[PDB]
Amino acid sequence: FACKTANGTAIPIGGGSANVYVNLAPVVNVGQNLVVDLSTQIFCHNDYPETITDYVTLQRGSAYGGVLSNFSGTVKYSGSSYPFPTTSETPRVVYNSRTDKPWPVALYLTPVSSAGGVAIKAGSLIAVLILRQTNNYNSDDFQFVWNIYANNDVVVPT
């Protein structure tokens, strides 16, 4: 089991850390969600699906910088929705193929009432998402840590 991104970063068997750089809607109003869809960015696969089934959770999701300060968030993982920053590990998604499958995570971030201005700075860390992978084969329990960075400023009109 290993993962790769659209930015050309990757994390091998056994886990590790990688950076993800995302384009964000440049203008978002109070009451509207800024969507950060990581399923277009992060892809994983099973290396031996002929014999092994892999299980993948979002173990934890943390917010940083402007995102933590200026937004109320939710995270959707494989059809279900939770508070973001997270308060529990998600259910497992089965990875049963060697063909790359998107990691089905998206953040929905809505500016708080007082968030006006540059609410996220270009280049800043906005989130850290921990993917936890296990299987039905042995005791493997690996963390794939994704540091999510903004490629651009996001402005909330006032």
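Basically, rigid core = biggest C-alpha set you can superpose within 1.5 Å across the two forms. Numbering starts at 1 and runs along the sequence shown.
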Do the Cα atoms of 56 to 64 stray more than those of 110 to 118 in 6 other deposited structures of this protein, or is it the other way round, with the core held fixed? 110 to 118
Outlying stretch relative to shown form, 8 to 16 versus 140 to 148 in 6 other deposited structures of this protein, C-alpha RMS (core): 8 to 16
Got a sec? Mean C-alpha B-factor, which is higher, 28 to 36 or 54 to 62? 28 to 36
Mean Cα B-factor check, 135 to 143 vs 5 to 13, entry values; winner is 5 to 13
Which listed residue, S113, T90, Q41, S124, has the largest C-alpha temperature factor in the record? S113
Rank-wise, by C-alpha B-factor, drop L68 into the lowest, middle or highest third of its chain. highest
What third of the chain, by the recorded C-alpha B-factor, contains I130? lowest
Third of the chain, ranked by Cα B-factor, where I120 sits: middle
